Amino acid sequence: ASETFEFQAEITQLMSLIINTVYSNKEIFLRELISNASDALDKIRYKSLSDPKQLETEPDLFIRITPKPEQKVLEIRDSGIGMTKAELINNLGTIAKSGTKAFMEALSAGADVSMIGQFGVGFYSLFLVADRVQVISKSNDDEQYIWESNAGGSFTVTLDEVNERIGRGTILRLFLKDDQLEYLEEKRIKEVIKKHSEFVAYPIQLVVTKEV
């Protein structure tokens, strides 16, 4: 059974602006999600300094990108700190409020959409290329949970009995818009990664399917 929650209204507004914008450089979403992945990895590593056992649920520290062409899905995974049910609700449904409000004001004055992660709300840039997202997350402190949004005013959180087990960390599962399926292609994915992420401390793994 799902539970339904309301977004802070300013987040809803930002999602509306992003999902509908004709902004041309949609590729910036990948930089923002890799940056969030890298931050979540920094947290578990720093946390582990005083609690090394925290690492044991998933000792490999990575960012992993997995196109799933038949489902028109792109997944961005990290083995970072992960989020509890309460953290998914709070991180994704609430605390972005102040950053989103400041960002929308900047946008009104003519700020580039690419400034979004300087306002600390780069997560929502996924709506440039996707019309739906599932955030699947496993924290050492909770069960695995699925947070789901379609850019509307409400989101769901559901105990996860349907997805692969993450040892620890987070998968952003992006349901790509029909005109943004280039983000399923290995050459395109590599090209975007290479541009705006050379100083990532973690391996960035691309999962490719090849016919033998």
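Start at 1 and count along the sequence shown; that's the residue number.
### Query
Comparing 180-188 with 142-150, which stretch shows the greater average C-alpha B-factor in the deposited entry?
The recorded data point to 180-188.
### Query
For the stretches 190-198 and 17-25, which has the higher mean C-alpha B-factor as given in the deposited record?
The stretch with the larger mean CA B-factor is 190-198.
### Query
Of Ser125, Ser98, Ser79, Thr84, which one's C-alpha B factor is largest in the deposited record?
Across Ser125, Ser98, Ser79, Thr84, the entry lists the biggest C-alpha B-factor for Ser98.
### Task
Using the entry's values, work out which of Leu174, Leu33, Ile166, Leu49 has the largest Cα B factor.
Spelled out: the listed residue with the top C-alpha B-factor is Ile166.
### Ranked against its chain, the third holding the CA B-factor of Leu55
Highest third - that is where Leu55 ends up once the chain's C-alpha B-factors are sorted.
### Query
Which third, lowest, middle or highest, does the CA B-factor of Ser137 fall in along this chain?
CA B-factor rank for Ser137: lowest third.
#### Entry: Third of chain Cα B-factors occupied by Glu161
Middle third, going by the recorded CA B-factors of the chain.
### Message
Quick check for you: using the entry's CA B-factors within this chain, is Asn91 in the lowest, middle or highest third?
### Response
According to the entry, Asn91 has a C-alpha B-factor in the chain's middle third.
### Task
Can you work out whether the C-alpha temperature factor of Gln71 puts it in the lowest, middle or highest third of the chain?
Within its chain, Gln71 is a highest-third residue by C-alpha B-factor, going by the deposited values.
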